[PDB]
Amino acid sequence: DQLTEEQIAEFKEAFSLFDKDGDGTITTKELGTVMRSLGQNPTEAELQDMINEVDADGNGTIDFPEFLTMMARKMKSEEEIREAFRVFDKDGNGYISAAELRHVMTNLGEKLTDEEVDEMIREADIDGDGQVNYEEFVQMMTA
Amino acid sequence: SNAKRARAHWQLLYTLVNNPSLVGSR
Ligand SMILES: [Ca+2]
Ligand SMILES: [Ca+2]
Ligand SMILES: [Ca+2]
Ligand SMILES: [Ca+2]
(Lines give C-alpha, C1' and ligand atoms only; values in the text may rest on other atoms or scores of the structure.)
(Ligands and ions follow the chains in the order given, each with its own letter.)
Protein backbone atom coordinates (compact mmCIF):
# COMPACT_ATOMS: atom_id res chain seq x y z
CA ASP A 1 0.00 0.00 0.00
CA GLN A 2 0.98 3.60 -0.72
CA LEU A 3 -1.03 4.61 2.35
CA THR A 4 0.14 3.35 5.72
CA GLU A 5 -2.10 1.15 7.88
CA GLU A 6 -2.45 4.05 10.35
CA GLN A 7 -3.58 6.30 7.50
CA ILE A 8 -6.27 3.94 6.26
CA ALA A 9 -7.57 3.41 9.78
CA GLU A 10 -7.60 7.22 10.34
CA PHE A 11 -9.45 7.97 7.10
CA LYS A 12 -11.97 5.23 7.87
CA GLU A 13 -12.66 7.09 11.14
CA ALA A 14 -13.19 10.31 9.18
CA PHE A 15 -15.49 8.50 6.78
CA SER A 16 -17.65 7.31 9.68
CA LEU A 17 -18.04 10.93 10.84
CA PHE A 18 -20.19 11.33 7.70
CA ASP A 19 -21.52 7.74 7.50
CA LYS A 20 -23.32 8.10 10.81
CA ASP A 21 -25.60 5.11 10.16
CA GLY A 22 -22.58 2.88 9.40
CA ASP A 23 -24.06 1.34 6.24
CA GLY A 24 -20.83 1.94 4.31
CA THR A 25 -22.00 4.85 2.12
CA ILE A 26 -22.27 8.63 2.44
CA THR A 27 -25.57 10.12 1.14
CA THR A 28 -26.43 13.75 0.35
CA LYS A 29 -28.47 13.76 3.57
CA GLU A 30 -25.46 12.62 5.59
CA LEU A 31 -23.17 15.08 3.81
CA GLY A 32 -25.61 17.91 4.44
CA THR A 33 -25.95 16.99 8.13
CA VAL A 34 -22.19 17.29 8.70
CA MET A 35 -21.87 20.46 6.67
CA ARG A 36 -24.62 22.21 8.65
CA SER A 37 -23.06 21.08 11.93
CA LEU A 38 -19.94 22.99 10.82
CA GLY A 39 -22.01 26.13 10.15
CA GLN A 40 -22.51 25.81 6.38
CA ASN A 41 -25.78 25.77 4.42
CA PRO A 42 -25.32 23.86 1.14
CA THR A 43 -28.23 23.50 -1.25
CA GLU A 44 -29.42 20.07 -2.28
CA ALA A 45 -27.93 20.71 -5.73
CA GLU A 46 -24.58 21.68 -4.20
CA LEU A 47 -24.61 18.47 -2.14
CA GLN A 48 -25.19 16.58 -5.41
CA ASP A 49 -22.24 18.29 -7.11
CA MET A 50 -19.99 17.40 -4.15
CA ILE A 51 -20.90 13.73 -4.42
CA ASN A 52 -20.68 13.85 -8.23
CA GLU A 53 -17.08 15.10 -8.00
CA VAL A 54 -16.01 11.70 -6.65
CA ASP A 55 -18.88 9.33 -7.49
CA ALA A 56 -17.05 6.74 -9.59
CA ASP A 57 -19.84 4.17 -10.03
CA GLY A 58 -22.64 6.71 -10.44
CA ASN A 59 -24.87 5.38 -7.66
CA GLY A 60 -25.28 8.81 -6.08
CA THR A 61 -23.38 7.99 -2.85
CA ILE A 62 -19.75 7.97 -1.65
CA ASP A 63 -18.15 4.70 -0.52
CA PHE A 64 -14.80 4.52 1.24
CA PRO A 65 -12.55 4.20 -1.85
CA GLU A 66 -14.41 7.15 -3.35
CA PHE A 67 -13.97 9.04 -0.09
CA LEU A 68 -10.19 8.72 -0.45
CA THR A 69 -10.51 10.74 -3.70
CA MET A 70 -11.81 13.62 -1.58
CA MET A 71 -9.03 13.00 0.94
CA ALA A 72 -6.38 13.03 -1.80
CA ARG A 73 -7.80 16.18 -3.43
CA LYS A 74 -8.10 17.73 0.06
CA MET A 75 -4.33 18.21 0.36
CA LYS A 76 -1.62 16.61 -1.77
CA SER A 77 4.90 12.67 -5.51
CA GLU A 78 5.80 12.08 -9.17
CA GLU A 79 7.60 8.74 -8.77
CA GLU A 80 4.41 7.02 -7.64
CA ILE A 81 2.76 8.38 -10.80
CA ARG A 82 5.35 6.94 -13.19
CA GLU A 83 5.13 3.62 -11.35
CA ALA A 84 1.33 3.59 -11.54
CA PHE A 85 1.41 4.52 -15.24
CA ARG A 86 3.43 1.37 -15.94
CA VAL A 87 0.71 -0.77 -14.34
CA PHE A 88 -1.77 0.64 -16.85
CA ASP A 89 0.56 0.63 -19.90
CA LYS A 90 1.28 -3.07 -19.92
CA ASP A 91 2.95 -3.37 -23.35
CA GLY A 92 5.33 -0.50 -22.52
CA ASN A 93 4.65 1.70 -25.54
CA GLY A 94 3.92 4.78 -23.41
CA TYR A 95 0.18 4.80 -24.26
CA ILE A 96 -2.75 3.40 -22.30
CA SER A 97 -5.21 1.74 -24.68
CA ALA A 98 -8.85 0.97 -24.03
CA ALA A 99 -7.88 -2.72 -23.78
CA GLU A 100 -5.20 -1.92 -21.17
CA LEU A 101 -7.68 0.16 -19.15
CA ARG A 102 -10.17 -2.72 -19.27
CA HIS A 103 -7.43 -5.04 -18.05
CA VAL A 104 -6.75 -2.79 -15.02
CA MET A 105 -10.45 -2.69 -14.23
CA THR A 106 -10.74 -6.49 -14.52
CA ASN A 107 -7.72 -7.10 -12.26
CA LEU A 108 -9.35 -4.81 -9.69
CA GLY A 109 -12.72 -6.56 -9.88
CA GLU A 110 -14.32 -3.38 -11.23
CA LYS A 111 -17.37 -4.07 -13.36
CA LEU A 112 -16.94 -2.48 -16.76
CA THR A 113 -18.84 -1.32 -19.83
CA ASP A 114 -17.52 -0.07 -23.16
CA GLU A 115 -19.44 3.19 -22.64
CA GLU A 116 -17.63 3.93 -19.37
CA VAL A 117 -14.19 2.93 -20.68
CA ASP A 118 -14.58 4.86 -23.93
CA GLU A 119 -15.65 7.91 -21.91
CA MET A 120 -12.61 7.60 -19.64
CA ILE A 121 -10.20 7.44 -22.56
CA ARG A 122 -11.98 10.30 -24.34
CA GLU A 123 -11.84 12.64 -21.34
CA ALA A 124 -8.12 12.00 -20.70
CA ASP A 125 -7.11 12.04 -24.38
CA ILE A 126 -5.93 15.61 -24.79
CA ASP A 127 -4.04 15.12 -28.05
CA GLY A 128 -6.84 13.16 -29.76
CA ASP A 129 -4.82 10.06 -30.61
CA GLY A 130 -7.31 7.65 -29.00
CA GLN A 131 -4.99 6.67 -26.13
CA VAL A 132 -3.63 8.13 -22.88
CA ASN A 133 0.07 8.99 -22.74
CA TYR A 134 1.99 9.88 -19.58
CA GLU A 135 1.35 13.63 -19.50
CA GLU A 136 -2.37 12.98 -20.12
CA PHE A 137 -2.22 10.49 -17.23
CA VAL A 138 -0.64 13.06 -14.85
CA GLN A 139 -3.35 15.64 -15.57
CA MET A 140 -6.04 13.09 -14.78
CA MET A 141 -4.57 11.86 -11.49
CA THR A 142 -3.51 15.28 -10.18
CA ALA A 143 -6.87 16.86 -11.13
CA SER B 1 -21.16 8.51 -17.61
CA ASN B 2 -19.89 12.08 -17.91
CA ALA B 3 -16.63 14.04 -17.74
CA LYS B 4 -16.90 14.49 -13.96
CA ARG B 5 -17.66 10.78 -13.66
CA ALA B 6 -14.68 9.88 -15.86
CA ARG B 7 -12.17 11.86 -13.79
CA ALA B 8 -13.58 10.43 -10.56
CA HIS B 9 -13.20 6.94 -11.98
CA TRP B 10 -9.57 7.42 -13.08
CA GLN B 11 -8.69 8.66 -9.61
CA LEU B 12 -10.48 5.72 -7.96
CA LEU B 13 -8.45 3.32 -10.13
CA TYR B 14 -5.32 5.19 -9.09
CA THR B 15 -6.14 4.70 -5.40
CA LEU B 16 -6.90 1.03 -5.94
CA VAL B 17 -3.74 0.39 -7.98
CA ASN B 18 -1.61 2.01 -5.23
CA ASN B 19 -3.48 0.33 -2.34
CA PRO B 20 -4.27 -3.32 -3.14
CA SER B 21 -5.70 -3.86 0.35
CA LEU B 22 -8.69 -1.66 -0.56
CA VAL B 23 -9.91 -3.98 -3.36
CA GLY B 24 -12.87 -6.24 -2.60
CA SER B 25 -15.01 -6.65 0.49
CA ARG B 26 -12.16 -6.00 2.94
CA1 LIG C 1 -24.62 6.12 5.37
CA1 LIG D 1 -20.47 5.77 -5.41
CA1 LIG E 1 0.21 0.53 -24.10
CA1 LIG F 1 -3.66 10.86 -26.17
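These numbers come from the heavy atoms of this one structure, side chains and all, not from hydrogens, waters or symmetry mates. Sequence lines set the chain letters: A, B, ... in the order given, protein chains first and strands last, and positions in each chain run from 1.
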Does [X] belong to the same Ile/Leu/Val/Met/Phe/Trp/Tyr cluster as [Y], with side-chain heavy atoms less than 4.5 Å apart forming each link?
X: B/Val17; Y: B/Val23; result: yes
X: A/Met50; Y: A/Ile62; result: yes
X: A/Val132; Y: A/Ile126; result: no
X: A/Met75; Y: A/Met141; result: no

Neighbour count >12 (heavy atoms, 6.0 Å) for atom [atom1], [X]:
X: A/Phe11; atom1: CZ; result: yes
X: A/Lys111; atom1: NZ; result: no
X: A/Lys20; atom1: NZ; result: yes
X: A/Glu83; atom1: CD; result: no

I need the [X] [atom1] to [Y] [atom2] distance, nearest 0.5 Å.
X: B/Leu12; Y: A/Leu68; atom1: CG; atom2: CG; result: 9.0 Å
X: B/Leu16; Y: A/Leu108; atom1: CG; atom2: CG; result: 5.5 Å
X: A/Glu119; Y: B/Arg7; atom1: CD; atom2: CZ; result: 10.0 Å

Look at the side chain of [X] and the backbone N and O of [Y], then say whether any donor-acceptor pair between them is shorter than 3.5 Å.
X: B/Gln11; Y: A/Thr69; answer: no
X: A/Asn52; Y: B/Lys4; answer: no
X: B/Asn18; Y: A/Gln2; answer: no

Considering only heavy atoms, which portion of [X] lies under 4.5 Å from any heavy atom of chain B: side chain, backbone, both, or neither?
X: A/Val117; value: neither
X: A/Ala143; value: backbone
X: A/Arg122; value: neither

Is any side-chain N of the basic residue among A/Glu123 and B/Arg5 closer than 4.0 Å to the acidic one's carboxylate O?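 No.
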Quick check: do [X] and [Y] have side-chain heavy atoms less than 4.5 Å from each other?
X: B/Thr15; Y: A/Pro65; result: no
X: A/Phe85; Y: B/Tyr14; result: no
X: B/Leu13; Y: A/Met120; result: yes

Counting heavy-atom pairs under 4.5 Å with chain B, which one of [options] comes out on top?
options: A/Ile8, A/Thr142, A/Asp57; value: A/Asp57
options: A/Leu3, A/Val87, A/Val54; value: A/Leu3
options: A/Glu80, A/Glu66, A/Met105, A/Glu110; value: A/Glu110
options: A/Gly58, A/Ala72, A/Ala56, A/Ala124; value: A/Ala56

Take the angle between the ring planes of A/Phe88 and B/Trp10 and call it parallel below 30°, perpendicular above 60°, tilted in between.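 Geometry flag for B/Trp10 against A/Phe88: tilted rings.
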Any pair counted as ring pair (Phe, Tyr, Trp, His ring centres under 6.0 Å), so long as it reaches residues 33-74 of chain A, sequence neighbours left out: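 Only A/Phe15-A/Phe64, A/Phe15-A/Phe67, A/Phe18-A/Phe67 qualify under ring pair (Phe, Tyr, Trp, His ring centres under 6.0 Å).
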Where do A/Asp55 and B/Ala8 come nearest, in terms of heavy atoms and distance?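 Looks like O-CB, 3.9 Å.
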